[PDB]
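Participant: One structure is given below, represented as structure tokens, and several questions about it will come after.
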Amino acid sequence: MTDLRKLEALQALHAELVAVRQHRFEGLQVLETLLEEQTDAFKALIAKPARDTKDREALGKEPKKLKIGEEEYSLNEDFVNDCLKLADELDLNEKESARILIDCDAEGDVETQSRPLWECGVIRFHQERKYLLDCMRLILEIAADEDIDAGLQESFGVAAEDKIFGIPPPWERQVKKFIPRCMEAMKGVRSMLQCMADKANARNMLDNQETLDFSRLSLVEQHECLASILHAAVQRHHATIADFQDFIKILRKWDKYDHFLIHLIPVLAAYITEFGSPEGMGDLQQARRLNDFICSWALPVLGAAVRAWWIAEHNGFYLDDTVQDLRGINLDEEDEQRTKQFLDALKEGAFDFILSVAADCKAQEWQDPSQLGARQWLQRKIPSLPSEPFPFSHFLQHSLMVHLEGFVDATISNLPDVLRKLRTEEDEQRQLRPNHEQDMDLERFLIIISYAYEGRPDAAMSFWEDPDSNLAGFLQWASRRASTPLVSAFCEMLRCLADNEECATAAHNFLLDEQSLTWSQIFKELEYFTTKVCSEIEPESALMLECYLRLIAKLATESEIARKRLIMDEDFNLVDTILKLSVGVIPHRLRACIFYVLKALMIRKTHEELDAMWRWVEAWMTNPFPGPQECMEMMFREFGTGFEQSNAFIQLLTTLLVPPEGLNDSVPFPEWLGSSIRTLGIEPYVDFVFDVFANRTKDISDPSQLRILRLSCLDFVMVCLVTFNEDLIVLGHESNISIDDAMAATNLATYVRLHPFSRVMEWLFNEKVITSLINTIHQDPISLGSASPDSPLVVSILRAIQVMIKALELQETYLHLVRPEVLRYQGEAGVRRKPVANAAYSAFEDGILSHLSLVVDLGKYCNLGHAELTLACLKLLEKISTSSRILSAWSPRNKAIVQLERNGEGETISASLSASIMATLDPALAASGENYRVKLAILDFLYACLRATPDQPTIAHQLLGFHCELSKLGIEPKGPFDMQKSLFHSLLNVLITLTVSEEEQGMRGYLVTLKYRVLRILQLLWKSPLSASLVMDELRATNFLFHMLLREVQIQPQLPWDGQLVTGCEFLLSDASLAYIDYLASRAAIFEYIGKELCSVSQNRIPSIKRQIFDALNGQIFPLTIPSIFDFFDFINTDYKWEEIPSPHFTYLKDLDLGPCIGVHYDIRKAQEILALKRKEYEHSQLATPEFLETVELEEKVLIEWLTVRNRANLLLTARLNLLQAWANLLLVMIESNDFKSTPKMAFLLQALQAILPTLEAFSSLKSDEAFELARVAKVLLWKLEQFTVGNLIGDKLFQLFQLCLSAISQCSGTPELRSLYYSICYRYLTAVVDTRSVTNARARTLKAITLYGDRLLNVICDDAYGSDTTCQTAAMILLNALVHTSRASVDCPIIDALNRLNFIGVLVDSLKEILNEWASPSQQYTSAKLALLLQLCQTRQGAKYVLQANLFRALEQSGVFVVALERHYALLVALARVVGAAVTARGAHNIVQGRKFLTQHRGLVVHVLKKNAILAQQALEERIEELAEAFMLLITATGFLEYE
Amino acid sequence: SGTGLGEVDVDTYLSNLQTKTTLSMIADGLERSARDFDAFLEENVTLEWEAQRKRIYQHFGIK
């Protein structure tokens, strides 16, 4: 929007500043326009108007109407009370509080948080200052960024100078400075916090605790922002002596140690650096006065640290006598004074306080267990923090480290003699009284140095570039003979000074000899301690050993030369020493450090290193100084005690299982591991890991340690499982022993027997494992909500879900190609193994189907926002719903539907899913947008849940907002789905508001996939009759099809797909084919839904929606216009030639067919193996193998594409077909169910005819699948039939269509159904259209068109007659009658002669026999049409000769043929008598003999009919009898039987 | 109301439409054949001897 309030404006400004900070300058003008609107806001940092009594009285007198600026509002008894409460809580003016509450009400934040209005007002008031200060902080930070353009760096600087500091720019120009305003603001914030704490303690000594905590967080953040702004202002040299004295006085009056001091220490540090150090107002006259003034305090350590810093920064002046004047001033006196002052400051605990502050600054919730107890062995007497949740930022830590390293450099380059004398005094004290422990000043200082130089290689390199500088000098001097604490501190410093590889290599080269410390003395001391332990130990020795181990591990992890040298050094033997030391009696810390050192050494390794490591491990575990089987388990149980050593050993094992090539054959361990002794190889290790993870997880009290151990175990299991070849074993078991030789079989057998995958699965089939897993996944929601995305709990849950997924995937492979082989091997050979699996649990689902809270926890974990965790939970739920045993146990009433209806879990899950799918996505990060991935995962889950077992309800129906009842569904009153607020309605909304028509690219791909998945889900819900009625009701009540049509887009060969054109050859190979198929399926589903709804509305006899549907279809909306249905018929185009494909030459591999490749799906591997075998045979033939090889290769690179192309093409084809079918169906529903007049719609009929004309002309005889769909609709619409032009056009189109039908009939194309459709189309044309110069011309032209084909078509018509099909034969029989009639209408006829030449009359008359057996029913109508055709021929004079030569008199006798059944019998008799009479009377006196013979042989029967003639069924029977009598009388009078007498 | 009231499905709707079209075509063909036959008989009998053809038989055969 644009009319944003204060909160929204500040939020937008903060977002723009953060974007610009992340190297995104797409909002420069936006920032320039925003900074001008909030100038009054940036002028004053924070200021709350004092509570006025006038406004209070005015609000309390007439709380009816309020006027704020230009707006007016109405006040009520509740809003006035809220205003008064807010003003009393925050002591804010009534007007400002009223404005804040009006803004809160307008924004409508009461429902988003569900809290009192006054609490929301307070939250908004805090957010105001929060953002107002964060904007200034980010502005000042960007103004000093060196990695950006100088222009913007100066623009932001001048903007901050003009707005924040209120100092006008150089091109222009009572007021108060910025430092006093900031100081007053900080004082007010402190007083407000104090008053809030006091009032809270008074009232508590509720539902507002979280609000108070958030307010305190906002206040401390605002204080930190103000401190950073003040530090920046001081660094800009905008301070004076008055502010310095005021700050010093405020410090002297400090009461309690808290985060405020840690936030203000940079302020005074910068003050001293500007005034104290010669890096600013270097006035020696003022410097001496400041020194005399600084040199009351409520905390002596603060004064000591301040004096030490001032002395360290002031020594820069007393260096030379050329840059400044030092005349008439003594040096030795001042030197001794500063020395004694610094010694006093040290004795008071300056460095101790500095170290405590540095430690409390980086206080992390969790720390790596590889550095436990490090830098935490001192005697700290400074009170600790209250442990309240006040986490620090990153800029503050950076500034603190910068200041610390600067102070270190100053102290090292200015006071070397001080450190020398301090070290000598400490040494003398420790010598003259070893029983006592001297001060830790030097150790604390070295630890502070280490903390300063951490993660900053740019500054760490300074200690190695110039080896003859002050830094390198002190580094080399601090390595001489000293005590254990100093050596430990130096080792820790070296460790922390190895953030990269270059620093690690530099430290390695500096420590070794090219006296100072050397590796020789280190290893000598190590061997001495080893021999002493093996033939007590003091804490100092243990600390020294731990420090040495940590340093070695860090060097090996960072450097490479040291890792490659020390690992195989013959003079050191580090591995031997650490192994001899570990086997001794020592705490677990040393063992953990040794394990971490080994891990570091083995983080990158090769075959020889792995072999040596395994050799040493076996040698030291087989006889550690009692049989080996006992010693190994003793050592395992010893290393299992605790968590540090156990976790370190687990990590070492996990690292050792990684192959040297990195993350397929050559399992990462020697195949001969444990061959000497009778051991299973590596199985004992996995067995111990699993039993520890299963049983020894109860002795861990620290939740963090338990989480870390579980994460390590899950990582180990995943590393063991991912190192198993699945496809390899499948191909082996398939073709190795059955096709290939038995040579490589031994390799696969050994791989399957030695790989721990089988044992891992066997353990996974245990109840302890799944119980531990479901307990770890089962945690309270508050922990996950308050935890960090990188928290160990989330990572452990993710690893557990991944392990479960991998197990569910590989359980089949295990039970099939692992279990039987292992069993056979154990039965044949001699192996002693202990089963750890449950025989009852036939599958992995048997052990977990008894846990119902798992799905509940998985669903509740969806409202956390973690993309990976959400996707994992969705995949797990999908796989669970896809199984069969779980749903068989749940629904054998049910257990799942009741589990999710305990405390409204389903409702909140549906709400979270709706809020997620409603969340927008990033157009740039389409395929990477976590939101889109979560949406696709949810859609796939719903699809899989609805597709499996659709008849019976499932969890999907409940999540959609339906009342899942036993074999029944329903909706509840006032429920979420009833109020149109549910997952289904959310999907509908996000679908109708989705636009795919773009300009930069056009027809995007991922939106198409989203809508395709949504439509698939909708179709699955519709087809299910259990969830069809309510769905249709809810859809038709919201005008879904209307919104869909409004969102439709026309397709044309010009609009490209994702910037790619369709005609391009790469289209078939690119991914646009998927989007095209998806769009086709979407159109098909939309057309199907429209047709179904139209049919339903039409069959319900209600014009309420009928006329609306027809208006939307015609292109008008009551007016908004839209393309009609005929416009969407643009996907039928043969120009692309999807069927035709250019076949390359393929000079070689031509004989390689796609037999074994082939639901048209040609597998590529079936041909890949064939071509590989052929290439191998060709190479073995040794005939120009190297040269032509390339040829073959590229040939493959062709055929692969070819294959895929076909597949793609095939898909497209069927897709089109589907769509077409749907369209056809829709069109049918549009023709029959249409009560509207016919003359107005005639235009649409002509348009459809014109559109289908080219389609039929292009697919007249190509394919017989779409022809049926396009011909049945034509047949239908042909029977449902200014005016002169319309009639002429109709006649022309019908005459044109009549040609292709006869063409296809003569060519014998398609199946009998398509031929019957063509026959009907031609029959309704030759019977109604033709039946007056125009009529004669049309008849002659049709006869000419028929003669053009001639007997070629009559032959097929006769062939398809009296055949297998029942309808095609009758259609052909009727078409023959129509043809002969139309031909006679034009004394002879060529059609009868052609039929006689084809021997059709002969077989037709021969089939007359057994007519009684054949005679509503299809056979009845077929025989009726046959007799009608036969009678039609007996009317012509020429046909008489052929009908007589056919000898039908002897055929009608063998049949023995001579109220409704009687009517049909009389009708058949009438037909036969008519045929006989016509045949007799056609020729003349040549057939009278046959007539007389027939009348004499059948005398008497005709007499009954002639005497009979002399309610509806009765009249029909009488009419049939009359017709029979008339036919017999005609036969008699034509034969002349009277003359015979 | 809606969602089904003595209604049918699209799969059966199209089948019923096709069956009705086929039955109507067969009925129209039968009616046209009958009408053509009746017209032919009327044209062939209207020449002469309309009532004599039956009177000769009524006189010869038993009335």
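Residue numbering restarts at 1 in every chain; chains get A, B, ... in the order shown in the structure tokens, and ligands count up from 1 in that same order.
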Compile a residue-level contact table for chain A against chain B at a cut-off of 7 Å, reporting for every qualifying residue the shortest atom pair and its distance in Å to one decimal, with only C-alpha atoms counted, rows ordered by chain and ascending number, as JSON lines.

Facilitator:
{"residue": "A:1029", "atom": "CA", "partner": "B:3", "partner_atom": "CA", "distance": 5.0}
{"residue": "A:1099", "atom": "CA", "partner": "B:7", "partner_atom": "CA", "distance": 6.7}
{"residue": "A:1100", "atom": "CA", "partner": "B:2", "partner_atom": "CA", "distance": 6.8}
{"residue": "A:1533", "atom": "CA", "partner": "B:53", "partner_atom": "CA", "distance": 6.6}

Participant: Tell me which protein, DNA and RNA residues are within 12 Å of residue 483 in chain A, counting only C-alpha atoms, leaving out same-chain ones fewer than 2 positions away, and put them as number ranges by chain.

Facilitator: A: 423, 426-428, 430-431, 434, 437-438, 440, 442-443, 478-481, 485-490, 540-541, 544

Participant: Generate the output file for the selected residues, C-alpha atoms, as a PDB file, in the first residue's frame.

Facilitator:
ATOM      1  CA  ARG A 423      56.333 -12.485  34.292  1.00  0.00           C
ATOM      2  CA  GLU A 426      55.218 -14.326  38.925  1.00  0.00           C
ATOM      3  CA  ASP A 427      58.052 -16.787  38.275  1.00  0.00           C
ATOM      4  CA  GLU A 428      59.912 -15.705  41.414  1.00  0.00           C
ATOM      5  CA  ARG A 430      55.954 -19.472  42.149  1.00  0.00           C
ATOM      6  CA  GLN A 431      59.559 -20.495  42.848  1.00  0.00           C
ATOM      7  CA  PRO A 434      55.300 -23.514  44.954  1.00  0.00           C
ATOM      8  CA  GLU A 437      49.285 -20.342  43.283  1.00  0.00           C
ATOM      9  CA  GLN A 438      50.399 -16.971  41.933  1.00  0.00           C
ATOM     10  CA  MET A 440      46.803 -15.548  36.554  1.00  0.00           C
ATOM     11  CA  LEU A 442      49.421 -13.279  32.053  1.00  0.00           C
ATOM     12  CA  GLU A 443      47.198 -16.312  31.446  1.00  0.00           C
ATOM     13  CA  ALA A 478      56.212 -16.304  25.245  1.00  0.00           C
ATOM     14  CA  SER A 479      57.323 -19.782  24.079  1.00  0.00           C
ATOM     15  CA  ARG A 480      60.404 -20.109  26.315  1.00  0.00           C
ATOM     16  CA  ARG A 481      60.621 -22.169  29.508  1.00  0.00           C
ATOM     17  CA  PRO A 485      49.328 -22.620  32.776  1.00  0.00           C
ATOM     18  CA  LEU A 486      51.296 -20.393  30.396  1.00  0.00           C
ATOM     19  CA  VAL A 487      51.963 -23.273  27.991  1.00  0.00           C
ATOM     20  CA  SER A 488      48.274 -24.208  28.051  1.00  0.00           C
ATOM     21  CA  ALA A 489      47.257 -20.606  27.356  1.00  0.00           C
ATOM     22  CA  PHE A 490      49.747 -20.378  24.485  1.00  0.00           C
ATOM     23  CA  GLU A 540      47.841 -29.441  35.458  1.00  0.00           C
ATOM     24  CA  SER A 541      49.203 -32.435  33.539  1.00  0.00           C
ATOM     25  CA  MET A 544      48.312 -29.714  29.360  1.00  0.00           C
TER      26      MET A 544
END

Participant: Distance CA of residue 1350 in chain A-CA of residue 1301 in chain A, one decimal place?

Facilitator: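 These two atoms are separated by 14.3 Å.
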
Participant: Residues at most 7 Å from residue 470 in chain A, counting only C-alpha atoms, excluding those fewer than 2 positions away in the same chain, as a short mmCIF file (atom, residue, chain, number, x, y, z; two decimals) with C-alpha atoms, in the first residue's frame?

Facilitator:
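Writing the result to selection27.cif gives the following:
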data_model
loop_
_atom_site.label_atom_id
_atom_site.label_comp_id
_atom_site.auth_asym_id
_atom_site.auth_seq_id
_atom_site.Cartn_x
_atom_site.Cartn_y
_atom_site.Cartn_z
CA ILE A 412 52.24 -5.16 23.24
CA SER A 413 53.81 -2.23 21.37
CA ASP A 468 60.64 -9.61 13.53
CA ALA A 472 55.84 -11.92 16.42
CA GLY A 473 58.52 -10.92 18.92
CA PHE A 474 56.18 -11.37 21.87
#

Participant: Any idea what's packed within 12 Å of residue 585 in chain A, counting only C-alpha atoms, ignoring anything in its chain fewer than 6 positions away? Could you give it as number ranges by chain?

Facilitator: A: 529-530, 532-537, 591, 638-639

Participant: If you run DSSP over the backbone, which residues in chain B end up alpha helix (DSSP H)? Put them as number ranges by chain.

Facilitator: B: 10-45, 52-60

Participant: Go ahead and dump the residues you just picked, N, CA and C atoms, as a CSV table (one decimal), in the first residue's frame.

Facilitator:
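Result file again_4.csv:
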chain,number,residue,atom,x,y,z
B,10,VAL,N,-23.1,-38.9,-16.8
B,10,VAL,CA,-22.7,-38.6,-18.1
B,10,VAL,C,-22.3,-39.8,-18.9
B,11,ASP,N,-21.7,-40.8,-18.3
B,11,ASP,CA,-21.4,-42.0,-19.0
B,11,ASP,C,-22.6,-42.7,-19.5
B,12,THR,N,-23.7,-42.7,-18.7
B,12,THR,CA,-25.0,-43.2,-19.1
B,12,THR,C,-25.7,-42.2,-20.0
B,13,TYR,N,-25.5,-40.9,-19.8
B,13,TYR,CA,-26.2,-39.9,-20.5
B,13,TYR,C,-25.9,-40.0,-22.0
B,14,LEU,N,-24.6,-40.1,-22.3
B,14,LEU,CA,-24.2,-40.2,-23.7
B,14,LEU,C,-24.7,-41.5,-24.3
B,15,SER,N,-24.6,-42.6,-23.6
B,15,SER,CA,-25.1,-43.9,-24.1
B,15,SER,C,-26.6,-43.8,-24.4
B,16,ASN,N,-27.4,-43.2,-23.5
B,16,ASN,CA,-28.8,-43.0,-23.8
B,16,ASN,C,-29.1,-42.1,-25.0
B,17,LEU,N,-28.3,-41.1,-25.1
B,17,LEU,CA,-28.4,-40.2,-26.3
B,17,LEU,C,-28.1,-41.0,-27.6
B,18,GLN,N,-27.1,-41.8,-27.6
B,18,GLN,CA,-26.7,-42.6,-28.8
B,18,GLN,C,-27.8,-43.6,-29.1
B,19,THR,N,-28.4,-44.3,-28.1
B,19,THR,CA,-29.4,-45.2,-28.3
B,19,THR,C,-30.7,-44.6,-28.8
B,20,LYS,N,-31.0,-43.4,-28.3
B,20,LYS,CA,-32.2,-42.7,-28.8
B,20,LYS,C,-32.0,-42.3,-30.2
B,21,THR,N,-30.8,-41.8,-30.6
B,21,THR,CA,-30.5,-41.4,-32.0
B,21,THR,C,-30.7,-42.6,-32.9
B,22,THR,N,-30.1,-43.7,-32.5
B,22,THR,CA,-30.2,-44.9,-33.3
B,22,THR,C,-31.6,-45.4,-33.5
B,23,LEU,N,-32.4,-45.4,-32.4
B,23,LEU,CA,-33.8,-45.8,-32.5
B,23,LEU,C,-34.6,-44.9,-33.4
B,24,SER,N,-34.4,-43.5,-33.3
B,24,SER,CA,-35.1,-42.6,-34.1
B,24,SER,C,-34.7,-42.8,-35.6
B,25,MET,N,-33.4,-43.0,-35.9
B,25,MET,CA,-33.0,-43.3,-37.2
B,25,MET,C,-33.7,-44.5,-37.8
B,26,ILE,N,-33.7,-45.6,-37.0
B,26,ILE,CA,-34.4,-46.8,-37.5
B,26,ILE,C,-35.8,-46.6,-37.7
B,27,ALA,N,-36.5,-45.9,-36.8
B,27,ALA,CA,-37.9,-45.6,-37.0
B,27,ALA,C,-38.2,-44.8,-38.2
B,28,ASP,N,-37.4,-43.7,-38.4
B,28,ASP,CA,-37.5,-42.9,-39.6
B,28,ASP,C,-37.3,-43.7,-40.9
B,29,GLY,N,-36.3,-44.5,-40.9
B,29,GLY,CA,-36.1,-45.3,-42.1
B,29,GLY,C,-37.3,-46.3,-42.4
B,30,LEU,N,-37.8,-46.9,-41.3
B,30,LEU,CA,-38.9,-47.8,-41.5
B,30,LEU,C,-40.1,-47.1,-42.0
B,31,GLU,N,-40.4,-45.9,-41.4
B,31,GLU,CA,-41.6,-45.1,-41.9
B,31,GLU,C,-41.4,-44.6,-43.3
B,32,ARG,N,-40.2,-44.2,-43.7
B,32,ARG,CA,-40.0,-43.8,-45.1
B,32,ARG,C,-40.1,-44.9,-46.0
B,33,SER,N,-39.6,-46.1,-45.7
B,33,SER,CA,-39.8,-47.3,-46.6
B,33,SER,C,-41.3,-47.6,-46.7
B,34,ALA,N,-42.0,-47.6,-45.6
B,34,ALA,CA,-43.5,-47.9,-45.7
B,34,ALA,C,-44.2,-46.9,-46.5
B,35,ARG,N,-43.9,-45.6,-46.4
B,35,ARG,CA,-44.5,-44.6,-47.2
B,35,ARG,C,-44.2,-44.7,-48.6
B,36,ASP,N,-42.9,-45.0,-49.0
B,36,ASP,CA,-42.6,-45.2,-50.4
B,36,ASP,C,-43.3,-46.4,-50.9
B,37,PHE,N,-43.4,-47.5,-50.2
B,37,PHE,CA,-44.2,-48.7,-50.7
B,37,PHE,C,-45.6,-48.3,-50.9
B,38,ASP,N,-46.2,-47.6,-49.9
B,38,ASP,CA,-47.6,-47.2,-50.1
B,38,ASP,C,-47.8,-46.4,-51.3
B,39,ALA,N,-46.9,-45.4,-51.5
B,39,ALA,CA,-47.1,-44.5,-52.7
B,39,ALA,C,-46.9,-45.3,-54.0
B,40,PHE,N,-46.0,-46.3,-54.0
B,40,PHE,CA,-45.8,-47.1,-55.2
B,40,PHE,C,-47.1,-48.0,-55.5
B,41,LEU,N,-47.6,-48.5,-54.4
B,41,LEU,CA,-48.9,-49.3,-54.6
B,41,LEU,C,-50.0,-48.5,-55.1
B,42,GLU,N,-50.1,-47.2,-54.5
B,42,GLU,CA,-51.2,-46.3,-54.9
B,42,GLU,C,-51.0,-45.9,-56.4
B,43,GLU,N,-49.8,-45.7,-56.8
B,43,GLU,CA,-49.5,-45.3,-58.2
B,43,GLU,C,-49.8,-46.5,-59.2
B,44,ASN,N,-49.5,-47.7,-58.7
B,44,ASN,CA,-49.7,-48.9,-59.6
B,44,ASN,C,-51.2,-49.4,-59.6
B,45,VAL,N,-51.9,-49.1,-58.6
B,45,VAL,CA,-53.3,-49.5,-58.5
B,45,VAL,C,-54.3,-48.5,-59.0
B,52,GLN,N,-62.7,-54.0,-59.0
B,52,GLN,CA,-62.9,-55.3,-59.7
B,52,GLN,C,-62.0,-56.4,-59.2
B,53,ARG,N,-60.7,-56.0,-58.9
B,53,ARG,CA,-59.8,-57.0,-58.5
B,53,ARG,C,-60.2,-57.8,-57.2
B,54,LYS,N,-61.0,-57.1,-56.4
B,54,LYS,CA,-61.5,-57.8,-55.2
B,54,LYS,C,-62.9,-58.3,-55.4
B,55,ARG,N,-63.7,-57.7,-56.4
B,55,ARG,CA,-65.0,-58.2,-56.6
B,55,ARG,C,-65.0,-59.6,-57.3
B,56,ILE,N,-64.0,-59.8,-58.2
B,56,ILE,CA,-63.9,-61.1,-58.9
B,56,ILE,C,-63.6,-62.2,-57.8
B,57,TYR,N,-62.8,-61.9,-56.8
B,57,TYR,CA,-62.6,-62.9,-55.8
B,57,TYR,C,-63.8,-63.1,-54.9
B,58,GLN,N,-64.4,-62.0,-54.5
B,58,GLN,CA,-65.6,-62.1,-53.7
B,58,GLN,C,-66.7,-62.9,-54.4
B,59,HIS,N,-66.7,-62.9,-55.7
B,59,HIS,CA,-67.7,-63.6,-56.4
B,59,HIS,C,-67.3,-65.1,-56.6
B,60,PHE,N,-66.0,-65.3,-56.8
B,60,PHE,CA,-65.4,-66.7,-56.9
B,60,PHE,C,-65.4,-67.4,-55.6

Participant: Between CA of residue 1463 in chain A and CA of residue 1508 in chain A, measure the distance and give it in Å to one decimal.

Facilitator: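 CA of residue 1508 in chain A lies at a distance of 14.5 Å from CA of residue 1463 in chain A.
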
Participant: For range 38-55 of chain A, please output as a ChimeraX atom specification all residues within 9 Å (counting only C-alpha atoms; exclusion window: fewer than 4 positions along the same chain).

Facilitator: /A:6,9-10,34,59-60,87-88,91-96,129,132-133,136,162-166,181-182,185,226

Participant: Need to verify the contact set: range 925-932 of chain A, 12 Å, only C-alpha atoms, exclusion of same-chain residues closer than 3 positions in sequence. Can you return it as a list in words?

Facilitator: residues 865, 866, 867, 868, 869, 870, 871, 913, 915, 916, 917, 918, 919, 920, 921, 922, 935, 936, 937, 938, 939, 1004, 1005, 1006, 1007, 1009 and 1010 of chain A
